[PDB]
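Provided below as structure tokens are two forms of one protein chain, presented individually as structure 1 and structure 2.
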Structure 1
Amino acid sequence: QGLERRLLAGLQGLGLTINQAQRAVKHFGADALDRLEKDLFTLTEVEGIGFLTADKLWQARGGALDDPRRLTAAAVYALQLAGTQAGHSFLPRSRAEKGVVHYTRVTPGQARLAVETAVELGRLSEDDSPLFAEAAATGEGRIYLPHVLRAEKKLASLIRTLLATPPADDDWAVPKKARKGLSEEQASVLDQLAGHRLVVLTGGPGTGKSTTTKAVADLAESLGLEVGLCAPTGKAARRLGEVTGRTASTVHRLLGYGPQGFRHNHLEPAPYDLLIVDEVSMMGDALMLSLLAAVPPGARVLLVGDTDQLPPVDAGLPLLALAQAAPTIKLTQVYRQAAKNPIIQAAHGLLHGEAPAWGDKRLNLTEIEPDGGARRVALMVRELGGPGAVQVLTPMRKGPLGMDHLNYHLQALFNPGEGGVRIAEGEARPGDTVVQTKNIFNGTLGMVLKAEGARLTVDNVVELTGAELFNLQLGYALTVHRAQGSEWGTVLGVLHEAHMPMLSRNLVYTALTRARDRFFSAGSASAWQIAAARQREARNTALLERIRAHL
């Protein structure tokens, strides 16, 4: 599988690292060197080596800025960037063209040609088929990365078959027994699964998705069914298991992921009569496709999530599409006890577009500016009683009110110190509360006990290797995204106009829902009014349409 000497030498001769040379060859085969001699921008499609790398080498050797191969590849990059920076599955043709202008600063005619060339070469796909509603009316087709279009169609297809075929080997029945503990709405989930292969369960914080899910697990297994429980993250999986009293795992591990791909698929389905997936709000199309591809013929799937939480980082909104297309139980009654909680109340206000009624011993905001703000947040945390007592959250990593700068100040306030060992950003010193960023697993807090030159020991108990140093950062403050699935008694949420592009309803909702007992904000009240008012950035996705053209 290794590279022939002169192949490698030549590839490095174009400015590629060894790793890049390996990726190129995996992608192209032996004539990789010939392909990149003919078209260096052919690198745009190789995972790990993008357009940006192709462009740096290209300009480095005085290659023409308006060379059609660059422009063609810029068309592809526009779509790649659409998915990357905003989760789109496609762009209307005029936006794809605009994408190219924006980046390459060529004329519209040059950009139109670049999109046209990409399509006729099959580096991009064009679809203008009406479906249910779109492309013929607005007179503009959708441009996709080819695999994304194939993937969106396949997903809708699996979903369609799942909706349209009843569960079978069937002897699923719902004894009055199994309904105990559950309300009318919750119990219904058990009924719904008697007749249907695909069922969605949604609802917010105080609605009882956990008991409801456990009850599904219980009933199924009493019927002899083999039940697979999973979630998109390690932490989420760990929690599912905890509340279910069972072994729950990552969607990747459940589907037998490895370097060789997903082990489970249509050829070797996941051996489970029922799949329970929690936190589906975090799932993009690609992973949903992988999961559903692995569902045995006739087998069941329960998808559970909260549609008001942050959308997936990856492209698509499949839980949102499915919530509109599948049998879905939307749980709404809040537990009378938890009906009182000022935070639960402020969270529900967000859903009607209102910012929270600040001015309470358990829910209040302190107005601050970005200048010195971080230092101030540290003093606030001290007022609330130290970082053991409060978790700091923020929309962004970067900038004055962001995670890196907030950790820096927190450390300085509570753990002043000279010489630590360097990690993701900054350095770890004994007494530091750090966060594991990679899968034991990602998201988990801890406590540093000691360091050395380039060696680090923290607590569970283990050391820290030079490559592992990259997979660790200070934990006193986290991004709202990183805090997904986790909960604390008291959280200090930083939110301000300085976080402008992140100010949406879903972001503030997730943040608010991280707090069990108390939630204090630092920033501006106006920043909350914006977030409450503003829906999350729109995503281009034709999945719902496809499921419904099908039906």
Structure 2
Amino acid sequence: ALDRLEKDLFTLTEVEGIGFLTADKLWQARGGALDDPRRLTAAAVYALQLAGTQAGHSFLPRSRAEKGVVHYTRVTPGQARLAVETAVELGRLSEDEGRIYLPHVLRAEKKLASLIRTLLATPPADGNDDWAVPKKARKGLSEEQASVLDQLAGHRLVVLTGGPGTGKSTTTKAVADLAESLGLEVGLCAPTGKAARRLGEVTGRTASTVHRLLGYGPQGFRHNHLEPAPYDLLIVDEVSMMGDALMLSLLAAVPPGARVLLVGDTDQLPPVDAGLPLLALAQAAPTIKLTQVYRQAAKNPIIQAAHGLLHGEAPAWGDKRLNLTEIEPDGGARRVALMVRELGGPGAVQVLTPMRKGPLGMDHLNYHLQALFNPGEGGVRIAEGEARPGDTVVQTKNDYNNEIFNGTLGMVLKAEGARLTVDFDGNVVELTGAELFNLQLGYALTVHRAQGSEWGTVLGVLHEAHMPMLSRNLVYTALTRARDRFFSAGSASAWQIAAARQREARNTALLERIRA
């Protein structure tokens, strides 16, 4: 092994665990020439990895890559070309101002388009297909919503989009009911734990994260082409939070002839990983677009403000249903908590924040919310802070023993010593030790895990202290979680900033590959 490492130390730049950054300091602290070609070629790989990590790009034009090397390194804009070029021919980077990718990402994008291709050209079957829509099946649905039921007939891949609150996820209960009546096995999942949880609620069925559906293991996902996921119909919600990699993994596990229904809105939150497949799919596959808003009552300021965010314009606060109260990070959380009390308490208003840490982060908001509505008796320590009877808790990690999965809300029944017994939707259970780090207080929530949920009145904390997270989709997503009233706490300028900042488009050739 280290024969490889003595020849080139920057062999870890793309190795498990450690990355370029670490191997770089371990290279400078032990001699190492910042201009050394072995460091440059590695620096180029790091540039692309970072391109996907920070901006979600699947590739970078040769130029932007050389430029990215200069910013994440520091050599001469001429040496960079040699860095990229060396990495290219060394096979550390692939090309196709060619488009350069991390080798596996090009393969990934090519196999993904391929999978989508066959999904779009093959008929659903087991040549076995009795999909038929009984009238009772479109009961309660709108014309547009019902059309999805018809579309799944004769098509293996169907996309269901529409802005927030148009009843996409709701349409899903009907689709699943139909499927079951036809004797088909239905699998339900979403990218985040809480979203999967809500998909389950509105569907009346068991749903999980895309990771648990595929059976995540040490060797990777259990389900794939050799052992497809056991479902005839696959329903995936909140698909805009799915990156290329996960999408590839899910599609590759779809039983041949089986159906896949993707539902989501690209105007909401983009994936944390690279890519944004839903954008391509919503244009290549048969899609039905819902347009009637049901979440908020017709002509509620919220709806108009949401339309404003899509055009870089902040909300016109003032209304009893759309207001903002200025606050600073200093003594901010305390204020937010008092605003909550003034609104009926934690149970009458959901608090949302863009980040977990910081004076206005989820962790500190929780503390003040806990201190204000459930003051007292030093209970059992958990993820952050402690839990005391009466506290609302959120499962954040999967617990197979008791079968409490990421995204489940619970109520602390009692905290005795180091034994925290909680009630997770009827499933009363006792937690001790390690399993205590599987949950956090649930008074405050991040916007990312809020996607897919709705509440009557929402209180979103948005302020300059959230700078890195001030994007248009983020606030559009936060604002639209509200059914009746949306109050904001922070600064009006934060919203102006957020509305004007649309994260840059993600370099992707998925659509091109599907069509070409």
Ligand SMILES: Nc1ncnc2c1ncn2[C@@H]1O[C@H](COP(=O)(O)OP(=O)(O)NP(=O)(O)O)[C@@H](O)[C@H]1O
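For the two forms, the rigid core is made up of the largest set of C-alpha atoms that agree within 1.5 Å on superposition. Residue positions are counted from 1 along structure 1's sequence.
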| note | Block containing the form deposited without the named molecule is structure 1
| Once you align the rigid core, which of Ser249, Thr244, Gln309, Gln473 turns out to move its Cα at least 2 Å between structures 1 and 2? | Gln473
| Just checking, between structures 1 and 2 and with the core aligned, does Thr366 shift 2 Å or more at the CA? | yes
| By the 2 angstroms cut-off, has the C-alpha of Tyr272 moved between structures 1 and 2 once the rigid core is superposed? | no
| task | Spell out whether the Cα of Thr44 moves at least 2 Å between structures 1 and 2 when the two forms are superposed on their rigid core. | result | no
| Cα displacement of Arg336 between structures 1 and 2, core-superposed (Å) | 9.3
| request: Give me the C-alpha shift of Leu163 between structures 1 and 2, core superposed, in Å. | output: 0.4
| said: Please report, in Å, how much the Cα atom of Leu113 moves between structures 1 and 2 when the rigid core is superposed. | reply: 1.1
